$ cat protein22.txt   # compact mmCIF, C-alpha atoms
# COMPACT_ATOMS: atom_id res chain seq x y z
CA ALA A 76 2.79 -34.39 6.18
CA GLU A 77 3.30 -32.63 9.60
CA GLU A 78 6.17 -30.45 8.15
CA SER A 79 4.18 -29.48 4.95
CA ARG A 80 1.23 -28.93 7.39
CA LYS A 81 3.25 -25.82 8.48
CA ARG A 82 3.42 -24.60 4.78
CA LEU A 83 0.80 -23.12 2.42
CA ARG A 84 0.12 -26.09 0.08
CA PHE A 85 -1.61 -25.66 -3.29
CA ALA A 86 -2.34 -27.67 -6.45
CA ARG A 87 -3.18 -26.36 -9.96
CA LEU A 88 -6.70 -27.19 -11.29
CA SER A 89 -5.82 -25.96 -14.85
CA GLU A 90 -2.94 -24.68 -17.05
CA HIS A 91 -4.30 -21.08 -16.45
CA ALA A 92 -3.45 -21.00 -12.65
CA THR A 93 -0.62 -18.79 -11.28
CA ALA A 94 1.13 -20.16 -8.15
CA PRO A 95 0.17 -18.13 -5.08
CA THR A 96 3.34 -16.19 -4.17
CA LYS A 97 4.12 -14.41 -0.87
CA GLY A 98 3.37 -10.65 -1.34
CA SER A 99 6.22 -8.10 -0.79
CA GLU A 100 4.43 -5.72 1.55
CA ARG A 101 4.17 -6.17 5.36
CA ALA A 102 0.99 -8.19 6.15
CA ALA A 103 0.41 -8.89 2.35
CA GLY A 104 0.00 -12.65 3.03
CA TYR A 105 -0.24 -14.65 -0.24
CA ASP A 106 -1.09 -13.14 -3.68
CA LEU A 107 -4.11 -14.65 -5.54
CA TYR A 108 -4.23 -14.44 -9.37
CA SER A 109 -7.25 -14.75 -11.73
CA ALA A 110 -7.05 -17.71 -14.20
CA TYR A 111 -9.59 -15.95 -16.56
CA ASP A 112 -10.62 -12.57 -18.05
CA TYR A 113 -13.79 -11.06 -16.50
CA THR A 114 -15.88 -7.92 -17.25
CA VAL A 115 -17.80 -6.91 -14.05
CA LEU A 116 -20.53 -4.40 -15.08
CA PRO A 117 -21.86 -1.88 -12.51
CA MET A 118 -24.09 -3.36 -9.73
CA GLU A 119 -23.02 -6.95 -10.78
CA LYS A 120 -21.43 -9.71 -8.62
CA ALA A 121 -18.62 -11.97 -10.00
CA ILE A 122 -16.74 -15.10 -8.72
CA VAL A 123 -13.11 -14.88 -9.98
CA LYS A 124 -11.64 -18.44 -10.25
CA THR A 125 -7.92 -18.90 -9.34
CA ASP A 126 -7.98 -22.55 -10.54
CA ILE A 127 -5.95 -23.47 -7.41
CA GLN A 128 -6.86 -25.60 -4.39
CA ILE A 129 -5.13 -24.67 -1.10
CA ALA A 130 -4.44 -26.25 2.29
CA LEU A 131 -3.75 -23.36 4.74
CA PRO A 132 -0.71 -23.62 7.06
CA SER A 133 -1.51 -24.66 10.70
CA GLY A 134 -2.46 -21.63 12.91
CA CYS A 135 -4.09 -19.93 9.89
CA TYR A 136 -7.71 -18.61 9.75
CA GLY A 137 -7.77 -17.74 6.03
CA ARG A 138 -9.33 -14.43 4.90
CA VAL A 139 -9.54 -13.07 1.29
CA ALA A 140 -8.59 -9.35 1.55
CA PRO A 141 -8.72 -6.93 -1.42
CA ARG A 142 -5.69 -6.53 -3.78
CA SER A 143 -5.61 -2.96 -2.19
CA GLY A 144 -5.75 -0.68 -5.29
CA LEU A 145 -9.03 -2.59 -6.00
CA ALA A 146 -11.26 -2.26 -2.84
CA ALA A 147 -10.48 1.42 -3.60
CA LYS A 148 -9.10 1.90 -7.20
CA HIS A 149 -12.18 0.65 -9.20
CA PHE A 150 -14.99 0.79 -6.51
CA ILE A 151 -15.00 -3.04 -5.83
CA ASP A 152 -16.13 -4.98 -2.69
CA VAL A 153 -13.90 -8.10 -2.16
CA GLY A 154 -15.65 -10.74 0.01
CA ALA A 155 -13.66 -11.92 3.09
CA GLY A 156 -15.08 -15.17 1.61
CA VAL A 157 -13.19 -16.86 4.50
CA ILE A 158 -11.39 -20.20 3.78
CA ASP A 159 -11.92 -23.40 5.88
CA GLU A 160 -8.70 -25.31 6.86
CA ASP A 161 -10.32 -28.27 4.89
CA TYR A 162 -11.78 -26.35 1.82
CA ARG A 163 -10.31 -28.11 -1.34
CA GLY A 164 -12.54 -26.42 -3.96
CA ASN A 165 -11.36 -24.04 -6.68
CA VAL A 166 -10.53 -20.85 -4.71
CA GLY A 167 -12.85 -18.07 -6.02
CA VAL A 168 -12.80 -14.33 -5.07
CA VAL A 169 -16.22 -12.54 -4.96
CA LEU A 170 -16.15 -9.02 -6.59
CA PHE A 171 -19.13 -6.57 -6.60
CA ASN A 172 -18.88 -3.50 -8.93
CA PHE A 173 -20.48 -0.73 -6.74
CA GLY A 174 -19.09 1.85 -9.25
CA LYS A 175 -20.53 3.44 -12.46
CA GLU A 176 -17.86 2.12 -14.94
CA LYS A 177 -17.25 -1.62 -15.69
CA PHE A 178 -14.17 -3.18 -13.96
CA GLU A 179 -11.83 -5.36 -16.10
CA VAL A 180 -9.97 -8.50 -14.82
CA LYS A 181 -7.41 -10.19 -17.16
CA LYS A 182 -6.04 -13.77 -16.86
CA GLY A 183 -2.97 -13.55 -14.55
CA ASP A 184 -4.10 -10.32 -12.75
CA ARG A 185 -3.55 -10.11 -8.94
CA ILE A 186 -7.20 -10.08 -7.64
CA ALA A 187 -6.74 -10.39 -3.83
CA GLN A 188 -4.50 -11.26 -0.88
CA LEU A 189 -4.87 -14.38 1.30
CA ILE A 190 -4.30 -13.20 4.92
CA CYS A 191 -3.86 -15.51 7.94
CA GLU A 192 -5.62 -14.59 11.22
CA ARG A 193 -4.83 -16.45 14.47
CA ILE A 194 -6.88 -19.63 15.17
CA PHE A 195 -6.56 -19.51 19.00
CA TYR A 196 -6.43 -16.12 20.90
CA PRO A 197 -4.35 -16.52 24.09
CA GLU A 198 -5.94 -15.60 27.46
CA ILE A 199 -5.35 -12.08 28.80
CA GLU A 200 -2.92 -11.37 31.69
CA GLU A 201 -3.09 -8.19 33.76
CA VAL A 202 0.02 -6.43 35.14
CA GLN A 203 0.44 -3.00 36.77
CA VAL A 204 3.00 -1.53 34.33
CA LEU A 205 4.18 -2.88 31.01
CA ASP A 206 7.89 -3.70 31.00
CA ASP A 207 8.65 -3.64 27.20
CA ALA B 76 12.31 -15.06 28.94
CA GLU B 77 8.95 -15.00 26.96
CA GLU B 78 7.11 -17.00 29.76
CA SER B 79 3.98 -14.69 29.69
CA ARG B 80 4.78 -13.54 26.08
CA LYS B 81 2.35 -16.38 25.03
CA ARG B 82 -0.47 -14.20 26.50
CA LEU B 83 -2.11 -10.85 25.74
CA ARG B 84 -0.68 -8.69 28.59
CA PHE B 85 -2.28 -5.34 29.52
CA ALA B 86 -2.08 -2.72 32.28
CA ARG B 87 -4.68 -0.12 33.36
CA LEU B 88 -3.71 3.56 32.90
CA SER B 89 -6.84 4.81 34.80
CA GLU B 90 -9.80 3.53 36.91
CA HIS B 91 -11.98 4.19 33.75
CA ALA B 92 -10.39 1.24 31.77
CA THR B 93 -12.19 -2.09 31.11
CA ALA B 94 -9.99 -5.24 30.84
CA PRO B 95 -9.80 -6.36 27.20
CA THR B 96 -11.73 -9.68 27.07
CA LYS B 97 -11.76 -12.37 24.32
CA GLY B 98 -14.87 -11.74 22.14
CA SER B 99 -17.43 -14.61 21.71
CA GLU B 100 -17.68 -14.77 17.92
CA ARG B 101 -15.26 -16.72 15.70
CA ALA B 102 -12.26 -14.47 14.81
CA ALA B 103 -13.53 -11.64 17.19
CA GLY B 104 -10.05 -11.39 18.81
CA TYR B 105 -10.03 -9.15 21.93
CA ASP B 106 -12.83 -6.65 22.85
CA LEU B 107 -11.65 -3.00 23.23
CA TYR B 108 -13.70 -0.65 25.47
CA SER B 109 -13.87 3.22 25.56
CA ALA B 110 -12.74 4.72 28.94
CA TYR B 111 -14.67 7.99 28.18
CA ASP B 112 -17.84 9.48 26.62
CA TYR B 113 -17.43 10.89 23.07
CA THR B 114 -19.78 12.77 20.67
CA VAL B 115 -18.45 12.48 17.05
CA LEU B 116 -20.24 15.02 14.77
CA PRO B 117 -20.47 14.34 10.99
CA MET B 118 -17.17 14.90 9.04
CA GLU B 119 -15.18 14.71 12.38
CA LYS B 120 -12.32 12.34 13.39
CA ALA B 121 -12.06 11.11 17.06
CA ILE B 122 -9.30 9.19 18.97
CA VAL B 123 -11.12 6.96 21.53
CA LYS B 124 -8.82 6.14 24.51
CA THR B 125 -9.05 2.68 26.18
CA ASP B 126 -6.73 3.76 29.04
CA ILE B 127 -4.93 0.38 28.65
CA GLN B 128 -1.43 -0.47 27.43
CA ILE B 129 -0.99 -3.85 25.67
CA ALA B 130 1.84 -6.27 24.90
CA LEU B 131 0.64 -8.54 22.07
CA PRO B 132 1.13 -12.33 22.24
CA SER B 133 3.94 -13.98 20.14
CA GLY B 134 2.96 -14.39 16.43
CA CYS B 135 0.53 -11.44 16.62
CA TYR B 136 0.49 -8.58 14.06
CA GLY B 137 -2.19 -6.52 15.88
CA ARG B 138 -4.98 -4.83 13.85
CA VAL B 139 -7.87 -2.69 15.25
CA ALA B 140 -11.02 -3.94 13.42
CA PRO B 141 -14.46 -2.33 13.96
CA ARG B 142 -17.28 -3.78 16.08
CA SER B 143 -19.76 -5.36 13.52
CA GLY B 144 -22.66 -2.89 14.22
CA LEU B 145 -20.26 0.13 14.44
CA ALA B 146 -18.64 0.59 10.96
CA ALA B 147 -22.17 -0.60 9.96
CA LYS B 148 -25.04 0.87 12.08
CA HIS B 149 -23.69 4.46 12.69
CA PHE B 150 -21.58 4.92 9.45
CA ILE B 151 -18.08 4.93 11.15
CA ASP B 152 -14.61 4.34 9.56
CA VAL B 153 -12.25 2.53 12.05
CA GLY B 154 -8.53 2.88 11.10
CA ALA B 155 -6.57 -0.44 11.31
CA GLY B 156 -4.27 1.79 13.44
CA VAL B 157 -2.12 -1.39 13.78
CA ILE B 158 -0.35 -2.03 17.16
CA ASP B 159 3.52 -2.39 17.31
CA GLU B 160 4.91 -4.95 19.86
CA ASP B 161 7.16 -2.08 21.18
CA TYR B 162 4.07 0.25 21.68
CA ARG B 163 3.24 0.73 25.45
CA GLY B 164 1.10 3.83 24.62
CA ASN B 165 -2.54 4.32 25.69
CA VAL B 166 -4.39 2.23 23.05
CA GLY B 167 -6.61 4.65 21.06
CA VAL B 168 -9.16 3.69 18.33
CA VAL B 169 -9.56 6.24 15.45
CA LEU B 170 -13.25 6.82 14.44
CA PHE B 171 -14.54 9.06 11.57
CA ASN B 172 -18.27 10.00 11.19
CA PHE B 173 -19.09 9.69 7.42
CA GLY B 174 -22.89 9.92 8.12
CA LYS B 175 -25.07 13.08 8.55
CA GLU B 176 -26.08 12.18 12.18
CA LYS B 177 -23.67 12.36 15.21
CA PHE B 178 -22.34 9.06 16.73
CA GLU B 179 -22.43 8.71 20.56
CA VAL B 180 -19.76 6.70 22.51
CA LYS B 181 -20.26 6.11 26.30
CA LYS B 182 -17.60 5.10 28.88
CA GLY B 183 -17.48 1.27 28.87
CA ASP B 184 -18.84 0.90 25.26
CA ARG B 185 -17.20 -1.78 23.06
CA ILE B 186 -15.65 0.35 20.22
CA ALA B 187 -13.48 -2.20 18.32
CA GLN B 188 -11.88 -5.65 18.14
CA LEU B 189 -8.13 -6.35 18.41
CA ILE B 190 -7.37 -8.97 15.71
CA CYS B 191 -4.08 -10.91 15.41
CA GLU B 192 -2.63 -11.49 11.89
CA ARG B 193 0.28 -13.89 11.35
CA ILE B 194 3.83 -12.37 11.71
CA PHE B 195 5.62 -14.84 9.35
CA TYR B 196 3.84 -16.40 6.27
CA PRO B 197 5.37 -19.86 5.55
CA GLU B 198 6.50 -20.39 1.97
CA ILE B 199 4.30 -22.23 -0.51
CA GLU B 200 4.56 -25.95 -1.47
CA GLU B 201 3.10 -27.21 -4.76
CA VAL B 202 1.50 -30.67 -5.01
CA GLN B 203 -0.53 -32.29 -7.83
CA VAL B 204 -3.71 -33.02 -5.79
CA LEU B 205 -4.54 -32.01 -2.21
CA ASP B 206 -7.61 -33.88 -0.89
CA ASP B 207 -5.70 -37.23 -1.32
CA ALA C 76 -29.89 39.49 -9.70
CA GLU C 77 -32.92 37.19 -10.48
CA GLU C 78 -31.26 35.99 -13.79
CA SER C 79 -27.80 35.35 -12.13
CA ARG C 80 -29.86 33.70 -9.30
CA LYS C 81 -30.44 30.91 -11.91
CA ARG C 82 -26.59 30.56 -12.42
CA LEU C 83 -23.80 29.11 -10.23
CA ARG C 84 -22.08 32.32 -8.99
CA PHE C 85 -18.58 32.27 -7.48
CA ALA C 86 -15.85 34.72 -6.41
CA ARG C 87 -12.10 34.04 -5.96
CA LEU C 88 -10.72 34.40 -2.38
CA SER C 89 -7.06 34.15 -3.59
CA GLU C 90 -4.84 33.98 -6.72
CA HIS C 91 -4.61 30.14 -6.14
CA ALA C 92 -8.36 29.42 -6.90
CA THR C 93 -9.45 27.60 -10.09
CA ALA C 94 -12.90 28.59 -11.44
CA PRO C 95 -15.43 25.81 -10.85
CA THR C 96 -16.14 24.40 -14.34
CA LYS C 97 -19.05 22.16 -15.40
CA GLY C 98 -17.78 18.52 -15.48
CA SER C 99 -18.00 16.53 -18.79
CA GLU C 100 -19.69 13.40 -17.49
CA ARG C 101 -23.47 12.97 -17.05
CA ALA C 102 -24.44 14.09 -13.49
CA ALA C 103 -20.83 15.45 -12.87
CA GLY C 104 -22.22 18.81 -11.66
CA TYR C 105 -19.42 21.37 -11.08
CA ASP C 106 -15.70 20.49 -10.65
CA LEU C 107 -13.98 21.71 -7.43
CA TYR C 108 -10.19 22.30 -7.45
CA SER C 109 -7.74 22.49 -4.48
CA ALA C 110 -5.93 25.88 -4.12
CA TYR C 111 -3.10 24.19 -2.06
CA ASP C 112 -0.89 21.07 -1.81
CA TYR C 113 -1.88 18.65 1.01
CA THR C 114 -0.37 15.38 2.35
CA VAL C 115 -3.17 13.35 4.10
CA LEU C 116 -1.47 10.62 6.21
CA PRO C 117 -3.38 7.39 7.03
CA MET C 118 -6.24 7.77 9.60
CA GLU C 119 -6.01 11.64 9.29
CA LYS C 120 -8.79 14.14 8.37
CA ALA C 121 -8.09 17.17 6.07
CA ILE C 122 -10.10 20.26 4.93
CA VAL C 123 -9.08 21.06 1.30
CA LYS C 124 -9.63 24.81 0.62
CA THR C 125 -10.86 25.81 -2.90
CA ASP C 126 -10.43 29.55 -2.09
CA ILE C 127 -13.81 30.17 -3.81
CA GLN C 128 -17.13 31.38 -2.39
CA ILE C 129 -20.27 30.14 -4.20
CA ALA C 130 -23.95 31.08 -4.45
CA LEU C 131 -25.81 27.94 -5.67
CA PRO C 132 -28.33 28.30 -8.54
CA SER C 133 -32.05 28.37 -7.45
CA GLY C 134 -33.53 24.81 -7.11
CA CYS C 135 -30.12 23.49 -5.95
CA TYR C 136 -29.48 21.53 -2.70
CA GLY C 137 -25.66 21.47 -2.92
CA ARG C 138 -23.77 18.23 -2.12
CA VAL C 139 -19.96 17.65 -2.29
CA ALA C 140 -19.52 14.24 -4.00
CA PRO C 141 -16.13 12.53 -4.46
CA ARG C 142 -13.95 13.25 -7.57
CA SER C 143 -14.78 9.52 -8.36
CA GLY C 144 -11.29 7.97 -8.78
CA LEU C 145 -10.76 9.28 -5.19
CA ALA C 146 -13.63 7.85 -3.01
CA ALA C 147 -12.19 4.65 -4.57
CA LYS C 148 -8.67 5.23 -6.10
CA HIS C 149 -6.76 6.23 -2.87
CA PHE C 150 -9.17 4.95 -0.09
CA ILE C 151 -10.60 8.47 0.75
CA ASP C 152 -13.99 9.43 2.34
CA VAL C 153 -15.29 12.76 0.84
CA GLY C 154 -17.83 14.46 3.16
CA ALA C 155 -21.21 15.35 1.53
CA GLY C 156 -20.32 18.48 3.58
CA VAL C 157 -23.61 19.86 2.15
CA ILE C 158 -23.71 23.57 1.09
CA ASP C 159 -26.38 26.08 2.33
CA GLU C 160 -27.94 28.35 -0.38
CA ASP C 161 -26.50 31.27 1.78
CA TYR C 162 -23.01 29.79 2.73
CA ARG C 163 -20.38 32.44 1.59
CA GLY C 164 -17.33 30.92 3.35
CA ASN C 165 -14.27 29.47 1.62
CA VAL C 166 -15.61 26.16 0.18
CA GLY C 167 -13.60 23.32 1.83
CA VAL C 168 -13.78 19.56 1.01
CA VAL C 169 -13.30 17.12 3.98
CA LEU C 170 -11.00 14.12 3.12
CA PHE C 171 -10.28 11.18 5.51
CA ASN C 172 -7.40 8.79 4.56
CA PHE C 173 -8.88 5.35 5.59
CA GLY C 174 -5.99 3.69 3.62
CA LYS C 175 -2.44 2.57 4.61
CA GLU C 176 -0.47 4.90 2.22
CA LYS C 177 -0.53 8.75 2.41
CA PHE C 178 -2.75 10.50 -0.23
CA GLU C 179 -1.26 13.51 -2.11
CA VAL C 180 -3.27 16.62 -3.23
CA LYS C 181 -1.50 19.25 -5.43
CA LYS C 182 -2.61 22.88 -6.01
CA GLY C 183 -5.03 22.81 -8.99
CA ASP C 184 -6.06 19.10 -8.53
CA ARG C 185 -9.77 18.21 -9.02
CA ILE C 186 -10.79 17.17 -5.42
CA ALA C 187 -14.61 16.75 -5.72
CA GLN C 188 -17.82 17.40 -7.65
CA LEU C 189 -20.56 19.85 -6.58
CA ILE C 190 -23.89 18.07 -7.29
CA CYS C 191 -27.34 19.73 -7.16
CA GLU C 192 -30.23 17.80 -5.56
CA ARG C 193 -33.84 19.04 -5.86
CA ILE C 194 -35.03 21.52 -3.15
CA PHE C 195 -38.77 20.66 -3.41
CA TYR C 196 -39.95 17.04 -4.20
CA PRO C 197 -43.29 17.17 -6.07
CA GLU C 198 -46.28 15.26 -4.63
CA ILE C 199 -46.93 11.72 -5.92
CA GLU C 200 -49.77 10.92 -8.38
CA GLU C 201 -51.14 7.41 -8.83
CA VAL C 202 -52.34 6.07 -12.21
CA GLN C 203 -53.27 2.52 -13.31
CA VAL C 204 -50.76 2.15 -16.18
CA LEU C 205 -47.87 4.39 -17.12
CA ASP C 206 -48.28 5.92 -20.58
CA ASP C 207 -44.61 6.82 -21.43
$ encode --input "protein22.txt" --output "structure tokens"
Amino acid sequence: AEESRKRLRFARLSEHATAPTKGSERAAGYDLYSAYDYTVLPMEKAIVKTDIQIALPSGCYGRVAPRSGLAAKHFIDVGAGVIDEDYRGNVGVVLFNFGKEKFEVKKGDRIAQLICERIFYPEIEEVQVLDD
Amino acid sequence: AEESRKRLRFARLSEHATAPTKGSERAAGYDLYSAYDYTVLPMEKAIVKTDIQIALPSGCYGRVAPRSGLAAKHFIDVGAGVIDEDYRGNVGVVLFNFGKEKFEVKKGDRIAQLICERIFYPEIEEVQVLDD
Amino acid sequence: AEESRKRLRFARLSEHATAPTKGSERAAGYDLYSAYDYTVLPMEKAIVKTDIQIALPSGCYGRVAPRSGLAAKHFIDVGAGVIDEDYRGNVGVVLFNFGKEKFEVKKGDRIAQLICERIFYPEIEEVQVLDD
């Protein structure tokens, strides 16, 4: 409904899904968890299934951003793999091992953050001096 | 009170400044323009001045994202160098040359995008099935 | 001399220098150690002094390559900061924090690898089928 339209809504697609939770950190957005173990060998792609479906809150242009210690920590690209406001598929996170050692994902690991960008950018107004 | 806070407000700090404009592309946010010429030799950091001050719209956690063929074409890191909504400083964009050829910035070049992330992430609601 | 010309030669510029040692890993080259503590705040450059001078072995086009868990592990660019066969300065390693948390270097930390590329690339020969 129009009040739950303001909220992040999700449904579980299996017993293995972890509820997205709000991250602690400033601008963390929502934490995404793997539902499965994966071994991502060097120079290989991988689609990490969360086994959740999600309806983004209103105002939200959804972007999958790296865990943090992940884009860095194990030499892994994490696809922005942007999310439509009407995408109801199993939410997957694309990982590419660009490193020389295999990367390990376990069931229940935090794999990414779901960030919200603005849908509509307001028009620009010029002034002479900015009054705080 | 806050009647103009809807909008991106800016002021010029010199005649060399270009008005931020809304970018064309989906999720481009606002175009940021260099007010000066810069030569950025390999292994060097540079702080590119826009000679504008900015007050972000309501709801906006401001992030400096690269121009698409910038972090790409000329091997340039662009620090998220996020913008506080109490920051009336000259908006600078941090560049680092990580390539073996120098990167050339001219006065009036587009050097970055100003992206808006959500300020407050609504809490999560579980349902059994979304699409119905 | 012409026999030590084949070796990696180094001299200490201070009591704080750690002798380059051959790395364990395949294609590790030579380990480089910081002689000092550094705090590299987000979006900042840093030149990490080894307090050694080095004469590369003959055949060797010297390249500074990341520690490994460094280019990745703490979101740090490590400049190729290539080394001339007649560069006798204090060997420094350029780090750029492109992450959101400060990176910490302690005296004696491994900061990079010194890799040797080939000086002269042999001409190409075509055959019909490659006999191992």
$ residues_around --input "protein22.txt" --residues "region 146-149 of chain C" --least-positions-apart "2" --cutoff "8 Å" --atoms "all atoms listed in the file" --output "ChimeraX atom specification"
/A:144-150 /C:141-144,151-153,172,174,178
$ closest_residue --input "protein22.txt" --among "A:184, A:169, A:196, A:125" --to "residue 137 (chain B)" --atoms "only C-alpha atoms"
A:196
$ residues_around --input "protein22.txt" --residues "residue 185 (chain C)" --least-positions-apart "5" --cutoff "12 Å" --atoms "all atoms listed in the file" --output "NGL selection string"
:C and (92-98 or 105-112 or 123-125 or 140-145 or 168 or 179-180)
$ interface_residues --input "protein22.txt" --of "chain B" --to "chain A" --cutoff "9 Å" --atoms "all atoms listed in the file" --output "compact mmCIF listing (two decimals) with C-alpha atoms, keeping the file's coordinate frame"
# COMPACT_ATOMS: atom_id res chain seq x y z
CA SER B 79 3.98 -14.69 29.69
CA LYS B 81 2.35 -16.38 25.03
CA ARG B 82 -0.47 -14.20 26.50
CA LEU B 83 -2.11 -10.85 25.74
CA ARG B 84 -0.68 -8.69 28.59
CA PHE B 85 -2.28 -5.34 29.52
CA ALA B 86 -2.08 -2.72 32.28
CA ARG B 87 -4.68 -0.12 33.36
CA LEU B 88 -3.71 3.56 32.90
CA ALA B 94 -9.99 -5.24 30.84
CA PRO B 95 -9.80 -6.36 27.20
CA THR B 96 -11.73 -9.68 27.07
CA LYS B 97 -11.76 -12.37 24.32
CA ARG B 101 -15.26 -16.72 15.70
CA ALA B 102 -12.26 -14.47 14.81
CA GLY B 104 -10.05 -11.39 18.81
CA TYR B 105 -10.03 -9.15 21.93
CA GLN B 128 -1.43 -0.47 27.43
CA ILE B 129 -0.99 -3.85 25.67
CA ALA B 130 1.84 -6.27 24.90
CA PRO B 132 1.13 -12.33 22.24
CA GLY B 134 2.96 -14.39 16.43
CA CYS B 135 0.53 -11.44 16.62
CA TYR B 136 0.49 -8.58 14.06
CA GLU B 160 4.91 -4.95 19.86
CA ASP B 161 7.16 -2.08 21.18
CA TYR B 162 4.07 0.25 21.68
CA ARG B 163 3.24 0.73 25.45
CA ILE B 190 -7.37 -8.97 15.71
CA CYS B 191 -4.08 -10.91 15.41
CA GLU B 192 -2.63 -11.49 11.89
CA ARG B 193 0.28 -13.89 11.35
CA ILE B 194 3.83 -12.37 11.71
CA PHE B 195 5.62 -14.84 9.35
CA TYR B 196 3.84 -16.40 6.27
CA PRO B 197 5.37 -19.86 5.55
CA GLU B 198 6.50 -20.39 1.97
CA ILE B 199 4.30 -22.23 -0.51
CA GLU B 200 4.56 -25.95 -1.47
CA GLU B 201 3.10 -27.21 -4.76
CA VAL B 202 1.50 -30.67 -5.01
CA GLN B 203 -0.53 -32.29 -7.83
CA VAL B 204 -3.71 -33.02 -5.79
CA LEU B 205 -4.54 -32.01 -2.21
CA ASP B 206 -7.61 -33.88 -0.89
$ atom_distance --input "protein22.txt" --atom1 "CA of residue 120 (chain B)" --atom2 "CA of residue 175 (chain B)"
13.7 Å
$ residues_near_point --input "protein22.txt" --point "(-4.0, 6.8, 7.9)" --cutoff "8 Å" --atoms "only C-alpha atoms" --output "mmCIF file with C-alpha atoms, in the frame of the given file"
data_model
loop_
_atom_site.group_PDB
_atom_site.id
_atom_site.type_symbol
_atom_site.label_atom_id
_atom_site.label_comp_id
_atom_site.auth_asym_id
_atom_site.auth_seq_id
_atom_site.Cartn_x
_atom_site.Cartn_y
_atom_site.Cartn_z
ATOM 1 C CA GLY B 154 -8.530 2.880 11.100
ATOM 2 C CA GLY B 156 -4.270 1.790 13.440
ATOM 3 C CA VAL C 115 -3.170 13.350 4.100
ATOM 4 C CA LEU C 116 -1.470 10.620 6.210
ATOM 5 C CA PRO C 117 -3.380 7.390 7.030
ATOM 6 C CA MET C 118 -6.240 7.770 9.600
ATOM 7 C CA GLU C 119 -6.010 11.640 9.290
ATOM 8 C CA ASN C 172 -7.400 8.790 4.560
ATOM 9 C CA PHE C 173 -8.880 5.350 5.590
ATOM 10 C CA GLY C 174 -5.990 3.690 3.620
ATOM 11 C CA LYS C 175 -2.440 2.570 4.610
ATOM 12 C CA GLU C 176 -0.470 4.900 2.220
ATOM 13 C CA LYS C 177 -0.530 8.750 2.410
#
$ decode --input "protein22.txt" --residues "region 113-156 of chain C" --atoms "C-alpha atoms" --output "PDB file, in the first residue's frame"
ATOM      1  CA  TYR C 113      52.487   6.697   7.845  1.00  0.00           C
ATOM      2  CA  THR C 114      48.756   7.562   8.185  1.00  0.00           C
ATOM      3  CA  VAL C 115      47.256   7.985   4.643  1.00  0.00           C
ATOM      4  CA  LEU C 116      43.854   9.745   5.028  1.00  0.00           C
ATOM      5  CA  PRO C 117      41.146   9.247   2.352  1.00  0.00           C
ATOM      6  CA  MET C 118      41.810  11.007  -1.023  1.00  0.00           C
ATOM      7  CA  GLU C 119      45.481  11.701   0.056  1.00  0.00           C
ATOM      8  CA  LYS C 120      48.744  10.734  -1.747  1.00  0.00           C
ATOM      9  CA  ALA C 121      51.828   9.489   0.220  1.00  0.00           C
ATOM     10  CA  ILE C 122      55.489   8.641  -0.687  1.00  0.00           C
ATOM     11  CA  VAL C 123      56.603   5.704   1.539  1.00  0.00           C
ATOM     12  CA  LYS C 124      60.428   5.819   1.987  1.00  0.00           C
ATOM     13  CA  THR C 125      62.304   2.455   2.117  1.00  0.00           C
ATOM     14  CA  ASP C 126      65.604   4.214   3.020  1.00  0.00           C
ATOM     15  CA  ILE C 127      67.371   1.892   0.524  1.00  0.00           C
ATOM     16  CA  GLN C 128      69.147   2.654  -2.757  1.00  0.00           C
ATOM     17  CA  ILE C 129      69.099  -0.141  -5.370  1.00  0.00           C
ATOM     18  CA  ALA C 130      70.990  -1.102  -8.531  1.00  0.00           C
ATOM     19  CA  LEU C 131      68.705  -3.480 -10.514  1.00  0.00           C
ATOM     20  CA  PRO C 132      70.201  -6.719 -11.906  1.00  0.00           C
ATOM     21  CA  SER C 133      71.045  -6.645 -15.684  1.00  0.00           C
ATOM     22  CA  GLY C 134      67.995  -7.557 -17.881  1.00  0.00           C
ATOM     23  CA  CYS C 135      65.656  -5.909 -15.325  1.00  0.00           C
ATOM     24  CA  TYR C 136      63.066  -3.176 -16.115  1.00  0.00           C
ATOM     25  CA  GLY C 137      62.050  -2.410 -12.506  1.00  0.00           C
ATOM     26  CA  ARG C 138      58.343  -1.958 -11.649  1.00  0.00           C
ATOM     27  CA  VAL C 139      56.828  -1.276  -8.162  1.00  0.00           C
ATOM     28  CA  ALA C 140      53.765  -3.585  -7.915  1.00  0.00           C
ATOM     29  CA  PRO C 141      51.331  -3.552  -4.956  1.00  0.00           C
ATOM     30  CA  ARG C 142      51.989  -5.727  -1.831  1.00  0.00           C
ATOM     31  CA  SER C 143      48.796  -7.581  -3.110  1.00  0.00           C
ATOM     32  CA  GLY C 144      46.481  -7.447  -0.041  1.00  0.00           C
ATOM     33  CA  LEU C 145      46.975  -3.633  -0.382  1.00  0.00           C
ATOM     34  CA  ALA C 146      45.986  -2.674  -4.011  1.00  0.00           C
ATOM     35  CA  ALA C 147      42.836  -4.537  -2.835  1.00  0.00           C
ATOM     36  CA  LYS C 148      42.736  -4.924   1.029  1.00  0.00           C
ATOM     37  CA  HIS C 149      42.632  -1.173   2.018  1.00  0.00           C
ATOM     38  CA  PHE C 150      41.568   0.505  -1.338  1.00  0.00           C
ATOM     39  CA  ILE C 151      45.145   1.768  -2.225  1.00  0.00           C
ATOM     40  CA  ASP C 152      46.659   2.614  -5.671  1.00  0.00           C
ATOM     41  CA  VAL C 153      50.418   1.674  -5.751  1.00  0.00           C
ATOM     42  CA  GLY C 154      52.304   3.604  -8.487  1.00  0.00           C
ATOM     43  CA  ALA C 155      54.303   1.427 -10.962  1.00  0.00           C
ATOM     44  CA  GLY C 156      56.696   4.322 -10.133  1.00  0.00           C
TER      45      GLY C 156
END
